[PDB]
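Residue strings, one per chain:
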Amino acid sequence: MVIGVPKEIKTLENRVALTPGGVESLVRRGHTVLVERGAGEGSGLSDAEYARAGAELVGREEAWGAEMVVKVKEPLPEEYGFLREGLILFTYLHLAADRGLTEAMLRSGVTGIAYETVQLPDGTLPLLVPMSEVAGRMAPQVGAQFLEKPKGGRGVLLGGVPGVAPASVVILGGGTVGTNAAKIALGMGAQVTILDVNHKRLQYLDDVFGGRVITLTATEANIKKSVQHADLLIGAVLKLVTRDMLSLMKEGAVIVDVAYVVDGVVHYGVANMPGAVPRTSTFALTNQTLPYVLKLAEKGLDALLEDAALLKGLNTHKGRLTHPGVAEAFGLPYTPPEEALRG
Amino acid sequence: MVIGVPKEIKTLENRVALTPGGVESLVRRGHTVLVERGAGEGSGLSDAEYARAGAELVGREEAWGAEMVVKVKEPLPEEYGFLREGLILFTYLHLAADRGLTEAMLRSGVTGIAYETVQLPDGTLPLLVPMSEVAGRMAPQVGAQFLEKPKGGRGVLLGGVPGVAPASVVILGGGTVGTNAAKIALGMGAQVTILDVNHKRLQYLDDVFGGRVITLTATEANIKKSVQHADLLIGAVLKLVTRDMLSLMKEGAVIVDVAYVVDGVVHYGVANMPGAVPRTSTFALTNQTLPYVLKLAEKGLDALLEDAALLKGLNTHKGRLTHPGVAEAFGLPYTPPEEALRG
Amino acid sequence: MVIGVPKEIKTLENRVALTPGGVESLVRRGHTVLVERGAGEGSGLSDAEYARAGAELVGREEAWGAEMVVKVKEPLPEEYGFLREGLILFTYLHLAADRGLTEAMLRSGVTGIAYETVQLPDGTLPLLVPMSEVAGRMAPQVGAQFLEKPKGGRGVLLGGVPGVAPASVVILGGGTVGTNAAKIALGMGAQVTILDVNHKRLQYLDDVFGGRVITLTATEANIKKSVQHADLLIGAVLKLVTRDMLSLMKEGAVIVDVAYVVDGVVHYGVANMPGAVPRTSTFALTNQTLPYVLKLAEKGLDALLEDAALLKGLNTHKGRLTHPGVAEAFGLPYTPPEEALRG
Amino acid sequence: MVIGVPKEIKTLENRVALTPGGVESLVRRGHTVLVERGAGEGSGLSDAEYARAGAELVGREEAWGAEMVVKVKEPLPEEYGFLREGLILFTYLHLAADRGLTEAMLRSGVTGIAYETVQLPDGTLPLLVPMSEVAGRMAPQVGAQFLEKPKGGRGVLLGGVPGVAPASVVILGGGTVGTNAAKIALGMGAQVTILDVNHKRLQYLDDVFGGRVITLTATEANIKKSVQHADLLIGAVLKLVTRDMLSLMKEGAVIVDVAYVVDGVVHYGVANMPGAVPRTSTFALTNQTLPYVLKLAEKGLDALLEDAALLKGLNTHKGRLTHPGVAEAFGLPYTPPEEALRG
Amino acid sequence: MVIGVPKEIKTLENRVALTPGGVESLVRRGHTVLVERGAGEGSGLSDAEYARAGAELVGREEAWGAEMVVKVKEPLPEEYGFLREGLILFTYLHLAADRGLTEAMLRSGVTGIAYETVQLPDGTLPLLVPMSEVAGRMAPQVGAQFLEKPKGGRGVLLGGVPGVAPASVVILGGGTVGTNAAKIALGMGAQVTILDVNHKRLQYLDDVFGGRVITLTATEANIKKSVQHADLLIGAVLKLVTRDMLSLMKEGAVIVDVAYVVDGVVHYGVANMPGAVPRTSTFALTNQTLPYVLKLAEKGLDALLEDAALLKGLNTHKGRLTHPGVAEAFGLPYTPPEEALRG
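Scoring rules and cut-offs
- All residue numbers given refer to positions from 1 along each chain's written sequence rather than to the entry's numbering, and residues for which no coordinates exist are omitted.
- For this description, chains carry letters from A and ligands carry numbers from 1, given in the order in which they are written.
- All values in this description refer to the chains shown, which are themselves only part of a larger assembly.
- Note that the side-chain values use all heavy atoms of the structure and ignore hydrogens as well as water.
- Residues with missing side-chain atoms are left out of burial classes, side-chain pairs and their counts.
- Comment: elements are numbered from the N terminus, with helices defined as DSSP H or I runs of at least four residues and strands as E runs of at least two.
- The globule rule is 2.2 Å times the number of residues to the power 0.38, and the radius of gyration it is compared with is taken over C-alpha atoms.
- The term salt bridge refers to a side-chain nitrogen of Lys or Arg lying within 4 Å of a carboxyl oxygen of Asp or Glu.
- The rule is simple: take the accessible area with a 1.4 Å probe, protein chains only, and divide by the maximum for that residue type; under 20% is buried, over 50% is exposed, in between is partly exposed.
- Working rule for contacts: check all heavy atoms of both residues, and any pair within 4.5 Å makes them a contact.
- Here a pair means two rings of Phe, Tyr or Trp (six-membered ring of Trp) with centres within 6.5 Å. Their orientation is stacked below 30 degrees between planes, edge-to-face above 60, and tilted elsewhere.
- If DSSP finds at least two bridges between two strands, the strands pair.
- Note on method: axes are straight lines fitted to C-alpha atoms, helices fitted across the in-contact stretch only, with angles between N-to-C directions ranging 0 to 180 degrees.
- Roughly parallel refers to an angle under 35 degrees, roughly antiparallel to one over 145, roughly perpendicular to one between 65 and 115, and oblique to any angle outside these ranges.
- Crossings are assigned a handedness: left-handed for a near helix turned anticlockwise from the far helix by less than a right angle, right-handed for a clockwise turn.
- Residues are sorted three ways: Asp, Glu, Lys and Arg are charged, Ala, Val, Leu, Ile, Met, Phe, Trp, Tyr, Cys and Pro are nonpolar, and all the rest, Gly among them, are polar.
- Each copy is overlaid on the others through least-squares superposition based on its C-alpha atoms.
- The set of buried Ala, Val, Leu, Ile, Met, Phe, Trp, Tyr and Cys residues whose side-chain atoms join them within 4.5 Å is what this entry labels a nonpolar core.
- In protein, a polar contact requires one atom able to donate a hydrogen and another able to accept it; more generally it is a pair of N or O atoms within 3.5 Å, and residues adjacent in sequence count only if both atoms are side-chain atoms.
- Accessible area that two parts lose when put together, with a 1.4 Å probe and added across both, is what the buried area reports.
- Like charges are joined within 9 Å and nonpolar side chains (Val, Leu, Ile, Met, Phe, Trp, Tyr) within 5 Å, but only among residues with over 30% relative accessible area and no salt bridge; these make up the patches.
- Accessible areas in this description were obtained via Shrake-Rupley with a 1.4 Å probe; residue shielding takes into account the shown protein chains only.
- Counted as positive: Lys and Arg. Counted as negative: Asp and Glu. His and the chain ends are not counted at all.
- By convention, the point assigned to a charge is CZ for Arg, NZ for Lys, CD for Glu and CG for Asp.
- How far each domain reaches was decided by an automatic or database domain assignment.

Caption draft 1: Representation of the overall build of chain A within the structure. A tally of regular secondary structure across chain A gives 14 helices and 15 strands. Over its C-alpha trace chain A gives a radius of gyration of 22 Å, about what one expects of a compact globule, namely 20 Å for 343 residues. Along the first, second and third principal axes, the C-alpha set of chain A runs to 65 × 45 × 35 Å.

Caption draft 2: Structural context of the pattern of salt bridges. Within this structure, the stated rule accounts for 88 salt bridges over all chains. With its nearest N and O atoms 3.1 Å apart, the salt bridge here joins B:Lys183 to E:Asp207. Highlighted residues: B:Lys183 in helix 6 (residues 176–187) and E:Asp207 in helix 7 (residues 199–209), drawn from two different chains. On the accessibility criterion, B:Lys183 (12% relative accessible area) is buried.

Caption draft 3: Spotlight on the environment of A:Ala167. Residue and element names in this part refer to chain A. Looking at the element boundaries, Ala167 is found in the loop between helix 5 (129–146) and strand 7 (168–172). Counting along the chain gives 23 residues from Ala167 to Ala190, while the straight-line C-alpha distance between them is 5.1 Å. With near-sequence residues (within four places) excluded, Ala167 lies in contact with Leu157, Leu158, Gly159, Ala190, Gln191 and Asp231.

Caption draft 4: Highlighting the packing of aromatic side chains. Residue and element names in this part refer to chain B. Tallied over the entire structure, the rule returns 20 aromatic pairs over all chains. On the numbers, 5.2 Å between centres and 15° between planes, the contact of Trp64 with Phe82 is stacked. Here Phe82 lies in the loop between strand 4 (68–70) and strand 5 (88–91) and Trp64 lies in helix 3 (residues 60–64), a separation of 18 residues in the sequence. Comparing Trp64 with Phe82 shows no difference in burial state: the two are buried.

Caption draft 5: Structural context of the sheet that holds strand 1 (residues 2–5) of chain E. Residue and element names in this part refer to chain E. Sheet architecture is open: 8 strands sit in the order 3-2-1-4-5-6-14-15, paired in mixed fashion. Each edge of the open sheet carries a strand with a single partner, namely strand 3 (56–58) and strand 15 (320–321). Where strand 2 (residues 32–36) meets strand 3, 3 bridges bridge the pair, whose relative direction is parallel. Residue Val35 lies in a different strand from strand 3, and its bridge partner there is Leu57.

Caption draft 6: Molecular detail of the arrangement of the chains. There is no contact between chain C and chain D; across them, the least C-alpha separation is 14 Å. Left apart from each other, chain A and chain E have a closest C-alpha approach of 14 Å.

Caption draft 7: How the structure looks around the packing of helix 5 (residues 129–147) of chain E against helix 9 (residues 278–299) of chain E. All names here are of chain E. Where helix 5 contacts helix 9, the two axes come as close as 8 Å, and the packing angle between them is 155°. Our classification of the angle between helix 5 and helix 9 gives roughly antiparallel. When you trace helix 5 past helix 9, the crossing you get is right-handed. Side by side, helix 5 and helix 9 meet where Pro130, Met131 and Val134 of the first sit next to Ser281, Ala284, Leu285 and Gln288 of the second. A per-class count over the contact of helix 5 with helix 9 returns 5 nonpolar, 2 polar and no charged.

Caption draft 8: Just the pairing of strand 5 (residues 88–91) of chain C, in detail. Residue and element names in this part refer to chain C. The two faces of strand 5 match: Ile88 and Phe90 on one face and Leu89 and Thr91 on the other face are all buried. One ladder, built from 4 bridges, connects strand 5 with strand 6 (residues 111–114); its direction is parallel. Among the inter-strand pairings, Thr91 is bridged to a residue of strand 6, identified as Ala114.

Caption draft 9: Geometry of the relation of the copies chain C and chain B. Superposing chain C onto chain B requires a rotation of 179° together with a translation of 0.0 Å along the rotation axis, leaving an RMSD of 0.3 Å. The transformation relating the two chain copies, once decomposed into turn and shift, fits a two-fold axis. Every residue of chain C has its C-alpha some distance from the rotation axis, and the shortest such distance is that of C:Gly187, at 1.7 Å. Looking at chain C, 97% of its interface residues are interface residues in chain B too, so the copies touch through the same face.

Caption draft 10: Spatial organisation of the nonpolar core. Grouped together as the largest cluster of nonpolar side chains are 341 residues, with contacts concentrated most on A:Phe90, B:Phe90, C:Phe90 and D:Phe90. Excluding residues that lie within four positions of it along the chain, C:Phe90 makes contacts with C:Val69, C:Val70, C:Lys71, C:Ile113, C:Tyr115, C:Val118, C:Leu127, C:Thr289, C:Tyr292, C:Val293, C:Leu296 and C:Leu310. The next biggest cluster of nonpolar side chains, apart from the first, holds 39 residues, and it includes E:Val23, E:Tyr50, E:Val72 and E:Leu285.

Caption draft 11: Quick look at the packing of helix 5 (residues 129–147) of chain B against helix 5 (residues 129–146) of chain C. Packing of helix 5 of chain B against helix 5 of chain C brings their axes to within 10 Å, and their N-to-C directions diverge by 110°. The orientation of helix 5 of chain B with respect to helix 5 of chain C, classified from their angle, is roughly perpendicular. Listed contacts from helix 5 of chain C to B:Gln141, B:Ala144 and B:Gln145 of helix 5 of chain B are C:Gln141, C:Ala144 and C:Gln145. Of the residues that constitute the contact of helix 5 of chain B with helix 5 of chain C, the class distribution is 2 nonpolar, 4 polar and no charged.

Caption draft 12: Region of interest: the side chain of A:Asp231. If you trace the backbone, A:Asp231 turns up in the loop between helix 8 (220–228) and strand 10 (232–235). Reaching out from A:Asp231, the side chain makes a polar contact with the backbone nitrogen of A:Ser168 at a distance of 2.7 Å.

Caption draft 13: The arrangement of the relation of the copies chain C and chain E in detail. In the superposition of chain C on chain E (RMSD 0.3 Å, axial shift 0.1 Å), the rotation amounts to 178°. A high fraction, 100%, of the interface residues of chain C reappear at the interface in chain E, so the copies pair face to face through one surface.

Caption draft 14: Spotlight on the interface of chain C and chain B. Residue-level contacts link 37 residues of chain C with 37 residues of chain B. For the pairing of chain C and chain B, the buried interface totals around 3100 Å² over both sides, and the portion due to carbon and sulfur atoms is 59%. Counting every contact that joins chain C to chain B gives 0 salt bridges. Mapped onto the side of chain C that touches chain B, the elements with two or more residues apiece are helix 5, helix 6 (176–187) and helix 10 (278–299) of chain C.

Caption draft 15: Fine view of the interface of chain C and chain E. With 16 residues of chain C at the contact, the number on the chain E side is 16 residues. Here chain C and chain E share an interface that buries about 1000 Å² over both sides, 59% of which is from carbon and sulfur atoms. By the criterion of area lost to chain E, the three top residues of chain C are C:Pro162, C:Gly163 and C:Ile214, representing 43% of everything that side buries. Run the count over chain C and chain E and you get 0 salt bridges. Our count for the contact surface shared by chain C and chain E stands at 8 residue pairs in polar contact. Going through the elements one at a time, helix 7 (199–208) and strand 9 (213–217) of chain C are the ones with two or more residues in the side of chain C that touches chain E. Class assignment for the residues of the side of chain C that touches chain E results in 7 nonpolar, 7 polar and 2 charged.

Caption draft 16: Seen up close, a positive patch on the surface. Together, A:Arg212, B:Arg212, C:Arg212, D:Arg212 and E:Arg212 make up a region of like positive charge exposed at the surface. Inspection of the secondary structure assignment puts D:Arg212 in the loop between helix 7 (199–208) and strand 9 (214–217). Given the relative accessible area of 58%, D:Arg212 is considered exposed.

Caption draft 17: Structural context of helix 7 of chain E. All names here are of chain E. Of all 11 residues that make up helix 7, 8 are buried, and the element is covered over most of its length. At the N-terminal boundary of helix 7, the capping side chain belongs to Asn198, with an oxygen 2.7 Å from the backbone nitrogen of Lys200. Of the residues flanking the end of helix 7, it is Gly210, one or two places downstream, whose phi is positive at about 80°.

Caption draft 18: Quick peek at a nonpolar patch on the surface. Residue and element names in this part refer to chain E. Residues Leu157, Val161 and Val164 make up a contiguous nonpolar surface patch of about 270 Å² in total accessible area. Assignment of secondary structure puts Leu157 in the loop between helix 5 and strand 7 (168–172). According to the relative accessible area criterion, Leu157 is exposed, its value standing at 58%.

Caption draft 19: Geometry of the domain arrangement of chain A. Residue and element names in this part refer to chain A. Under the domain assignment used here, chain A contains domain 1 (1–127 + 278–343) and domain 2 (128–277). Taking only C-alpha atoms into account, the centre of domain 1 sits 33 Å from that of domain 2. Across the boundary between the two partners, domain 1 contributes 13 residues, which contact 10 residues of domain 2. Applying the counting rule to domain 1 against domain 2 returns 6 residue pairs in polar contact.

Caption draft 20: Broad picture of unusual backbone geometry. We note that B:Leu238 has phi near 60°; this positive angle belongs to a residue other than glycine. Looking at where B:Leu238 falls in the secondary structure, it is placed in the loop between strand 10 (232–235) and helix 9 (243–246). Even without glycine at this site, E:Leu12 takes up a positive phi of about 80°. For E:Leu12, the location among the structural elements is in the loop between strand 1 and helix 1 (20–28). A residue is classified by how much of its surface remains accessible, and E:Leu12, at 78% relative accessible area, is exposed.

In structure tokens:
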């Protein structure tokens, strides 16, 4: 199969859908990969590497000329023209949030597979989990930066120094994001308290952290008190913390919600934290996606029919909307993915 | 030399100055060891174990008849009668705090050596440290116990449980006692905060505990705030905490000062904590004293002239008071130990 | 809905079924809570606190007047009078152990939901787990206390001191009580050996504790050798140790079965350990019950038809016995909860 | 005594030489403290806090009118007028690096005591150590920040994510900065490798970190290979790394020397890192200086004659340059502090 | 200076006294280095690496012609002819154990500096310590090997497996070899018990290990009981364990004394354990010796007069025996090093 790797055009997006290592695995198996020049520069992956890996350095249009195009972000209006029927697109789509795109792909009849909807029997979204993991690792890093006086923060060090008390990092949510943030916050020296509604989850977290991390049952009483004394508040869920509670936070305190100033509290609202470390995110994403890319390049659409999880990743095929969530959202005809695939 | 080990007669004292293992080492070198019946029962060391080790089971008076008697506590008035010139008594003497005894020993001509005045060059008291060590470990243990409601405490568990925050343990002083308190309090799950005046000690404690224990410089401001939020306060020094601050502590909190209710705070005042665990104390003490006992058994008083440390242990000898401290304490003539020994 | 919180009258019981914090949550949602004065003093929660929470400090009878009464312990005879048909009683009932209570409730037609029977699909009892947890954290603490000589114990420190070996704490059962006890015993410095019949559980425990804890297959030979050298034996299961093995234990050793002297070994038999730490137990319990109190408070009995686990909490309704187990034990007419609820 | 606390006017300086709690100690001991309005704002310590503490909130000139002025940074030209004979100035002077200041101070006849030259017998600078510690904890924090792509870094996460290898942090120096950098670097999950020339120090670090951190003897071969594979390079000593080696460094890698771009490597040169977290630094610094301030307040210069470590802090007095390093550096008449003090 | 590195001719010796990196350092400072061909092959350092480092690959005799010869082991009878007056020999000499060598060295007038007698003020032997460290790290490694049945051992795994108790490793000595042996044994999962006479050392070890390793004061009682239950016995001191106690040891147990079968136990007696990992050893030795070689090449003998620690490494010079210990062992004229040097 002729696989394509366009360069991400969405501003500030520095990740890439395929690494040289991944290209090598493909070329090694007899496939041919067209990698648009500079597609990897954002993550330190030069054209030269993609060259030794066996890829073909092409231009923008040539890249979209492949049977399957592997990307990171969704297609911008500027790219709606490359969408065609026989083209299988594999990337983050987030259709439910962009009606424009949902129609443009539908009208184009392109078969689009969303990373975010690929999902295992237990409900986990294996191609979204990587980004959730770096986001968490990043939250306390970004938080620490903003607790810095020059950034208008309280001016304290998360773990203090011998003789001076560490700071308080309160984490709401014991999920993938919460746990990864806890690891780093703990490692930076802070007194980490993480809240969650599920007890089994807190029992598990108590096991992994010895007892070094304070676990509180996510009751309103506990959230209120935890937030009140937090120097750094990390939201990791998605109305759990009202602007009323805000006033209870000490001035200089910062809030980083993975899901400017208000009351003296610094809020950090910059979407893609994983975008600040493009190289890491890329390996994190591609190490999970490569296996699926290998199956599609090897069995085309039959790959989707042989893997329940991958199958669910299908949203658009021959003008049909095969994802129930997006259908209900825009009030459109939902066609069962397997059905639309066999027709 | 014939060595005697009487039973401790001071009420509640259950430690023993020589173990079956110590007896074996002496007997193996040719000395005859007289152990009063039941001398070790307080520590779980039966007469039977002493017999197998090579010890001879005798009566009280026969024990005191040896050339060298090895005890734990000081002779009570009831024993003043066994004191005699040629006898070398090795035990905790604590003379400065008991003129009646010091006068009884001085008048007797007995040669007494106090475990607590044996001193190394760097100033450490090797035969007294063991007790500070078990006292420290006992501290959080007794506090926990008293934090239990049934004993009038706040009714909390130091480490809490998954979902419930741990309690706060504040340790005043980072020396031997405070450091051993910390190890156990930390182990019990509590949030441990230890304050001290010496920064190098705090840096050290920060290293040994990773970051698990909050180290705070012992400023009045820091002592004030720590005490006020402490659930269990452990004093490990010897005027640092005034009854004033006492009113800051939440009720039910308890205090254990290794060095009854007042303001809703439970005070624990029961001296020898190491006494609650006589068998542990017995080994921690005898493991250190034995080496000296062997030297004395082998070289007589020359053990002192060949060891500056063991020399300072001498408090009395032939009517001479050989410890400056004890002298300045009772306004008595101080005779240099090395000088009194050679005359 | 009006909710009643009666003060626990069972002697020594100092736990309260609702916390000021839980009350505020209820009131915030427009509910009205009647707190019997001093109901939370046993756990350090004063009437003033409940007052600020929005509670109405009433008297005994008034508090049983609410539609729902949230308690900790089962109804004592003296209270049977309040049990009425339109009353929803949510508490620990242990009906299979109190026939008199069973019938008293059946005759009163009161709808009684037992905490201990609410059960999740995987079979866990979420409202009982909290108590299993504090019990375990307690086992070693209470075990340490009775190891003290003044208490008739062997007179040893679980973690010893530098140069003196630590004691041996054997835990039978790697479940929730076992695992929590292991944490505290490990923390106190003991050499912890835990036995279980399930291999995967031992594998997991080997992972959470690194290797710091000795995991042993619960064979009879292992149990026998462990019990024999144990300084502290912790029972956490329910005939696993016969009065025959008992003679193999060293004198002074103690046994704490979470499920007086016999042969020199100290047996600790004082039921509710969580009881000695009422405040902690209260929060651990009320943290898991609040979500359900809120659901009942908001949807009355529909809550049971909307939550399979909560439904299995129904033991008695309008004279019907909705719990199989209690019915089989007392040879009585078992009526399916969902059924009895719809009639 | 009358102690003055001027506000730091050096641009970007937000620390303050005295805290409310420290003012409380002095006032408690009969002294009067003149704190300049706003002196603690940069560290979040308002004028009101200082007022309640018992301090007198004054203007710029009043503060300098005290007998002893306590500052953080050295006096700027604009502040030379405040220097007079009877004045005792306590702050970081760094005289060897400012002739103009030194001359201004000698001409004025002001007795100047420098934090950085107060030295202990073993050679440590206790009033300098606090800052080395926060600079160290801060080093990987800042490095991580510049490793982010938007900042021009290689774009990686120091500890990676599950499945993605961590970054490499090399620390040159195992002193105070270096060890504190290691703790935080290791905590953020990076592969930390620290080099030093003292073997005992490396043995010590190896004991404190388990073996989680790689210790390399600081030979040129080792320094060269370490720098070459470093993703983040922290300098913590003071020619160890030449621009030659700089070309060995991967591009995007960043260097933080506590003691722009060149070859693709991002160099971070921004003096006072402790300044980013002014609050933590003030407490770290003042917690150490306070006891000295208390001694100078109580006995004046006699405090130096009663403390050998504090004595070496003297750099100027009645026109006498009392510090050898500075004297030799500028080629001026050196006068022993103990001598100049008694004249 | 012209420096020479002969190949170690002692059978089985594979370490080398200088690495390509050390050669680079020397050559970089203008010295010329003669490395005998194949000198580092036993450590994996080829003649080509030495050539690239700037070394000159020479024959055996040419290497000896250098002004200074750096070796690992001592001169063999076959190498005595290379000794001359103007030669400075730096290596492990162990003269006190080789009269013949001491005599030959005196008759040749060669100036010999022993690695093992170079001593710091606190008494540490900085050039011998590296070997004590690798020997220690190896002890349990080699111990496990022989605990294997095929090698005749008891047939156990040091750390066992989940469900099976681990083995017991008893280390005699808390020194360098003992502390490092503890690290590996503990790392391999064994129950480690380490004994030592010095309490402060045992206190330190308790801090560094947390509580994972058992510390026992080295009394005869503890040694006997410890040895009796040991699966692996490591000697790390130097009559502490008699053939009597050897009978108390279980069959299959092995003994590794860093400092055949007898009674069923397996004695492992193969001198240089560091010799099994020459590469690791070469680097650990040369990393410490390089600084001294650099000082010796730069200042010749003035290096000893400028460093008291290195001065102690002098054993022979112009026919004078400058080491008191050796002089006393063989009964020959002792000449203070400083003196012999200035004449």
